[PDB]
């Protein structure tokens, strides 16, 4: 029988644990699949081993493993697949599919669009600065830039500047330094993050200093588990379960 195994990265923040668990629970009613389990790589239970084993114990013959990830980096390519292989080696008879992070999807740009609209200031011909966490893995910058291009195509903005909190450039603090001008162009700052936290507070403080220089700057709320993010993730789940060409086939001989 078919199963879905949702995999979040997990958190050490009690609230982040609750938000991720509740989001994954609320996903279940949208998927016409009878066996569905949530799990987390780290810091938070159910572990991946527990959720996978629950799928098998409920009689699953096929397990669609879907990572709750905005972008593609070490978690999606390596850490999570290794945990999958570690537990799945013990059940060699179980067929596995493994999904993609949300990535470049029209729905997440729509989530960004609604975060922009929420400020209530005209966005026509406005600049957008899209802040992702960042990674040394080049796929992350590649995907954030792709999302920026999609936002550019879908919303009548002047330009979209992807930038990052860490690991790869440009850092959002350099972009901010180039935006102290005030040329009459409105600038929206959109944090491309699933959760608030240390980095959101840092962004808040840095945007305050920038607003001290340039009053035409507006910080939106972070993307979070926006309904359009939910739509995009549900797309991922459905495509992983269908696996129509076998493009999501996964083994049990360590692929990462």
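Residue numbers count along the first chain shown, from 1.
A summary of the deposited B-factors shows that, of 220-228 and 193-201, the stretch with the larger mean C-alpha value is 193-201. Here the stretch with the larger average CA B-factor, out of 67-75 and 178-186, is 178-186.
Looking at the C-alpha B-factors along this chain, the one for residue 172 belongs to the middle third. Sort the chain's modelled residues by C-alpha temperature factor and residue 209 lands in the highest third, per the entry. Residue 102 sits in the lowest third of its chain by CA B factor, as recorded in the PDB entry. Compared with the other modelled residues of the chain, the Cα B-factor recorded for residue 81 ranks in the middle third. When the modelled residues of the chain are ordered by C-alpha B-factor, residue 256 sits in the highest third.
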